[PDB]
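Trainee: Quick one: this structure, given as structure tokens, is what I'll be asking you about.
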Amino acid sequence: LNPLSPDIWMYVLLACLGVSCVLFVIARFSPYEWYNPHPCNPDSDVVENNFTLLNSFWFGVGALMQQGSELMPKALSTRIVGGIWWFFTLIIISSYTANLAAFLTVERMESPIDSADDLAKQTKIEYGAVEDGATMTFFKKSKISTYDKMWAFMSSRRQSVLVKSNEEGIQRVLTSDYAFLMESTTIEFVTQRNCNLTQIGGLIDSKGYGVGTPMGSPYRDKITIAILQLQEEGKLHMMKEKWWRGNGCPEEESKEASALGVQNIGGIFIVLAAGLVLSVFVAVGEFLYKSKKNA
Amino acid sequence: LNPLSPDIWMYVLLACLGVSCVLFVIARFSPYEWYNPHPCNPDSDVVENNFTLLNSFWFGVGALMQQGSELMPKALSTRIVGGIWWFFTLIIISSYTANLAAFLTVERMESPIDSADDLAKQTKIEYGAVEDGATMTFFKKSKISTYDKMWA
Amino acid sequence: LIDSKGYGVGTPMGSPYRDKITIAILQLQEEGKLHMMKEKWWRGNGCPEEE
Amino acid sequence: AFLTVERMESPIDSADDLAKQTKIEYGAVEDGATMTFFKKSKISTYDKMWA
Ligand SMILES: *[C@@H]1O[C@H](CO)[C@@H](O[C@@H]2O[C@H](CO)[C@@H](O[C@@H]3O[C@H](CO)[C@@H](O)[C@H](O[C@@H]4O[C@H](CO)[C@@H](O)[C@H](O)[C@@H]4O)[C@@H]3O)[C@H](O)[C@H]2NC(C)=O)[C@H](O)[C@H]1NC(C)=O
Ligand SMILES: *[C@@H]1O[C@H](CO)[C@@H](O[C@@H]2O[C@H](CO)[C@@H](O)[C@H](O)[C@H]2NC(C)=O)[C@H](O)[C@H]1NC(C)=O
Ligand SMILES: O=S1(=O)NCN(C2CC2)c2ccc(F)cc21
Ligand SMILES: O=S1(=O)NCN(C2CC2)c2ccc(F)cc21
Ligand code: NA
């Protein structure tokens with residue numbers, strides 16, 4: 001159902017209903033649509049419009065599914081309606097074929113969550129942090145309204161949402177539906193070498209690792225100049241590029257289309273049987289209408 | 001056969017033998033489908049169907065290949081089966097064509113390696129060099145960004 | 001971010017104030033003052049970018 | 001084809017995608033620390049931008 005928006009799925013079906021009603025109207029007072037339904041004998045004065053209310057939906061649906069009814073409109077004005085409804089039908093079906101081939105070769109997979117604000121509402125996706133860590137510390141002392149709601153869940157749930165160590169929580173994202181809160185540059189080491197983990201959102205906190213010196217030392221100042229030497233020359237950046245980068249995993253190259261199984265089309269077998277059961281109820285429905293008419 | 005899984009090819013063929021055998025039930029059961037074959041002669045007792053057991057197979061097959069047939073059911077409950085089976089068939093064809101246009105637009109878009117940079121990225125391809133040769137000597141002293149990664 | 005710089009409160013070389021301000025800025029960080037201050041000043045209008 | 005090209009393409013989202021497409025005009029402050037960084041840069045994606 002994806003490659004057409006459900007706006008179009010409704011506007012098609014109203015257009016199938018609307019033109020089928022105009023087919024009923026034009027057929028009546030068009031005199032050339034009143035033919036001779038008795039062809040084997042010349043001039044028996046019987047007259048019939050075969051474009052009834054039932055068959056006009058049968059012409060619109062039979063044309064929408066590209067197969068055509070047995071009606072084949074006959075004068076000029078039901079012919080213009082039928083033909084312009086025909087050229088409507090190709091442009092739809094040749095769009096739905098065209099647009100579906102776009103989805104089957106350019107796959108844009110998008111996550112249900114895109115920031116921590118999306119985690120505030122999705123209770124189906126659970127939170128997670130290391131027990132008694134600085135990440136857990138930040139939400140407990142927080143004041144921002146998102147993080148309060150994010151803490152109030154994680155406070156009022158434990159052993160299902162709170163991990164003991166981050167290596168255990170890596171398994172919990174990997175196994176369960178679990179969104180894990182941890183440090184930033186720990187993630188880019190994990191993400192780079194585990195290519196079905198991703199980093200959604202951005203930096204929540206903003207802190208830094210610093211060279212530890214004892215309380216009062218001359219080595220605090222000289223290292224501070226020396227740290228800015230590696231960064232402005234660029235040596236500080238290239239060390240990051242060699243210790244966090246790993247395999248790389250370029251699955252951005254689109255693979256073969258992974259031939260459609262029951263997880264992909266799927267719902268047509270449901271709507272087929274949904275048409276099968278509904279027709280039997282009408283089959284016993286109009287059977288009582290005839291037995292009452294016969295009685 | 002490649003753009004669909006073979007489970008689908010079994011299930012479509014079972015839907016052909018299913019929906020045709022359901023419409024044959026509804027054609028004998030619904031009163032409207034029992035019609036007079038002679039508007040040329042307004043008779044009685046010649047009231048018949050055209051949907052036999054072989055004909056109902058022929059409608060499901062003939063609608064499967066998007067060309068229709070010569071049957072075109074008249075009764076409303078038979079027309080509900082004719083409505084959904086047609087919407088069933090456009091989804092199969094326009095997922096056949098779109099997926100067959102996907103195997104042929106991926107395989108044509110891809111290319112074998114023709115540079116070291118295309119060899120730099122794809123870590124599936126195992127490299128190779130002489131242990132202690134001038135080749136791996138060059139990748140020590142190389143300052144090209146595409147080559148120290150190969151040296152990495 | 002390509003580069004990674006940082007705005008620092010300027011002190012003359014060897015002031016005793018250089019260390020208190022480092023203890024002063026790092027206090028406001030732990031009670032989240034600056035981020036609300038950043039959101040007080042960079043936020044602006046609605047700016048319909050929802051889009 | 002119009003719907004498999006337009007879906008396949010994407011706007012720029014990195015400097016490397018900005019490095020290649022010479023249709024997009026760049027921009028920097030004349031005598032700023034930004035263009036100062038692209039002088040001293042040893043990254044292959046940036047001296048080309050400096051080029
Ligand atoms: C494509 O992406 C999918 C995301 O929807 C992902 O689906 C997850 O699949 C994993 C397993 O493949 C599910 O995680 C566990 O499933 C195993 C199955 O044994 C269980 O460990 C566990 O279920 C329960 O846990 C008990 C032991 O852990 C077990 O004894 C119980 O009987 C019970 O089964 C987890 O459920 C995970 O739920 C899926 N995520 C979802 C549904 O969101 C796919 O793996 C991924 N495909 C590939 C190829 O990567
Ligand atoms: C991606 O996650 C999967 C879990 O589905 C990890 O295990 C792989 O599972 C798939 C499906 O059975 C198979 O390809 C192999 O069993 C596993 N693939 C391997 C070991 O490469 C997998 O380790 C994860 N891969 C990455 C790159 O993160
Ligand atoms: O703890 S710091 O040394 N000073 C406080 N912060 C600030 C967000 C301003 C940051 C931000 C990023 C860092 F890497 C370090 C620090
Ligand atoms: O001038 S610093 O205190 N040290 C140098 N850098 C680097 C992280 C490399 C940064 C980066 C962001 C800052 F806010 C401060 C600094
Ligand atoms: Na046709």
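Order determines the names: the first chain of the structure tokens is A, the second B, and so forth; residues in each chain are numbered 1 upward, and ligands are numbered 1 upward as they are shown.
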Residues up to 9 Å from ligand 3, counting only C-alpha atoms and all ligand atoms: could you list those as a PDB file with C-alpha atoms, in the first residue's frame?
Mentor:
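Contents of part10.pdb, as written:
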ATOM      1  CA  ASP A 205      25.461  16.242  27.839  1.00  0.00           C
ATOM      2  CA  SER A 206      28.684  18.062  26.958  1.00  0.00           C
ATOM      3  CA  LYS A 207      31.730  17.153  29.030  1.00  0.00           C
ATOM      4  CA  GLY A 208      35.366  16.331  28.473  1.00  0.00           C
ATOM      5  CA  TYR A 209      38.249  14.088  29.312  1.00  0.00           C
ATOM      6  CA  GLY A 210      41.169  16.028  30.769  1.00  0.00           C
TER       7      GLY A 210
ATOM      8  CA  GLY C   6      36.000  26.270  22.684  1.00  0.00           C
ATOM      9  CA  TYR C   7      35.210  29.744  23.935  1.00  0.00           C
ATOM     10  CA  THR C  22      36.986  27.102  36.141  1.00  0.00           C
ATOM     11  CA  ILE C  25      31.769  27.554  35.127  1.00  0.00           C
ATOM     12  CA  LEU C  26      31.859  23.891  36.066  1.00  0.00           C
ATOM     13  CA  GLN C  27      29.321  24.519  38.843  1.00  0.00           C
ATOM     14  CA  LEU C  28      26.723  25.995  36.490  1.00  0.00           C
ATOM     15  CA  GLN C  29      27.280  23.039  34.176  1.00  0.00           C
ATOM     16  CA  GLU C  30      26.181  20.533  36.795  1.00  0.00           C
ATOM     17  CA  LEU C  34      24.017  27.331  30.458  1.00  0.00           C
ATOM     18  CA  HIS C  35      21.897  24.999  28.343  1.00  0.00           C
TER      19      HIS C  35
END
Trainee: Would you give me, as number ranges by chain, the residues of chain A that come within 6 Å of chain B, using only C-alpha atoms?
Mentor: A: 40, 65, 67, 97, 100-101, 105, 259-261, 275, 279, 282-283
Trainee: Hey, which bits of chain C sit within 12 Å of ligand 4, and for each residue what's the closest pair of atoms and how far apart in Å (one decimal), counting only C-alpha atoms and all ligand atoms, rows by chain and increasing number, as a tab-separated table?
Mentor:
residue	atom	partner	partner_atom_place_in_ligand_line	distance
C:1	CA	ligand 4	12 (C)	10.7
C:2	CA	ligand 4	11 (C)	11.1
C:3	CA	ligand 4	11 (C)	8.2
C:4	CA	ligand 4	11 (C)	4.5
C:5	CA	ligand 4	12 (C)	4.3
C:6	CA	ligand 4	14 (F)	3.3
C:7	CA	ligand 4	14 (F)	6.4
C:8	CA	ligand 4	14 (F)	7.9
C:9	CA	ligand 4	3 (O)	11.4
C:22	CA	ligand 4	3 (O)	11.5
Trainee: Save the residues we just selected, N, CA, C and O atoms, as a PDB file, in the first residue's frame?
Mentor:
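Saved as again.pdb:
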ATOM      1  N   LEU C   1      30.225  18.933  12.951  1.00  0.00           N
ATOM      2  CA  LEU C   1      31.332  19.796  13.324  1.00  0.00           C
ATOM      3  C   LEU C   1      32.628  19.246  12.755  1.00  0.00           C
ATOM      4  O   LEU C   1      32.996  18.099  13.016  1.00  0.00           O
ATOM      5  N   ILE C   2      33.319  20.067  11.973  1.00  0.00           N
ATOM      6  CA  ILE C   2      34.601  19.688  11.399  1.00  0.00           C
ATOM      7  C   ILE C   2      35.671  19.918  12.444  1.00  0.00           C
ATOM      8  O   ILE C   2      36.402  19.000  12.830  1.00  0.00           O
ATOM      9  N   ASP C   3      35.767  21.157  12.897  1.00  0.00           N
ATOM     10  CA  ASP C   3      36.750  21.556  13.880  1.00  0.00           C
ATOM     11  C   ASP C   3      36.117  21.442  15.264  1.00  0.00           C
ATOM     12  O   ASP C   3      34.918  21.197  15.402  1.00  0.00           O
ATOM     13  N   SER C   4      36.922  21.615  16.305  1.00  0.00           N
ATOM     14  CA  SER C   4      36.389  21.552  17.661  1.00  0.00           C
ATOM     15  C   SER C   4      37.163  22.570  18.497  1.00  0.00           C
ATOM     16  O   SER C   4      38.232  22.276  19.029  1.00  0.00           O
ATOM     17  N   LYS C   5      36.611  23.765  18.591  1.00  0.00           N
ATOM     18  CA  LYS C   5      37.183  24.821  19.398  1.00  0.00           C
ATOM     19  C   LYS C   5      36.335  25.018  20.645  1.00  0.00           C
ATOM     20  O   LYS C   5      35.302  24.375  20.832  1.00  0.00           O
ATOM     21  N   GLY C   6      36.749  25.949  21.490  1.00  0.00           N
ATOM     22  CA  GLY C   6      36.000  26.270  22.684  1.00  0.00           C
ATOM     23  C   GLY C   6      36.207  27.702  23.123  1.00  0.00           C
ATOM     24  O   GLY C   6      37.338  28.181  23.209  1.00  0.00           O
ATOM     25  N   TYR C   7      35.118  28.407  23.382  1.00  0.00           N
ATOM     26  CA  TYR C   7      35.210  29.744  23.935  1.00  0.00           C
ATOM     27  C   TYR C   7      35.616  29.650  25.392  1.00  0.00           C
ATOM     28  O   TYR C   7      35.012  28.903  26.165  1.00  0.00           O
ATOM     29  N   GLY C   8      36.650  30.387  25.756  1.00  0.00           N
ATOM     30  CA  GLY C   8      37.117  30.408  27.124  1.00  0.00           C
ATOM     31  C   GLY C   8      37.118  31.821  27.660  1.00  0.00           C
ATOM     32  O   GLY C   8      37.378  32.781  26.936  1.00  0.00           O
ATOM     33  N   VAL C   9      36.786  31.937  28.945  1.00  0.00           N
ATOM     34  CA  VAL C   9      36.807  33.229  29.622  1.00  0.00           C
ATOM     35  C   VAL C   9      38.261  33.663  29.717  1.00  0.00           C
ATOM     36  O   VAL C   9      39.103  32.923  30.232  1.00  0.00           O
ATOM     37  N   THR C  22      37.087  28.501  36.537  1.00  0.00           N
ATOM     38  CA  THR C  22      36.986  27.102  36.141  1.00  0.00           C
ATOM     39  C   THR C  22      36.178  26.300  37.153  1.00  0.00           C
ATOM     40  O   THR C  22      35.405  25.412  36.776  1.00  0.00           O
TER      41      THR C  22
END
Trainee: Give the residues close to ligand 1, within 12 Å, counting only C-alpha atoms and all ligand atoms; write them as number ranges by chain.
Mentor: A: 109, 111-112, 124-126, 171-179, 194-197
Trainee: Could you list, as a list in words, every residue of chain B that has an atom within 10 Å of an atom of chain D, counting only C-alpha atoms?
Mentor: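 On the chain B side, the interface is residues 105, 144, 145 and 146 of chain B.
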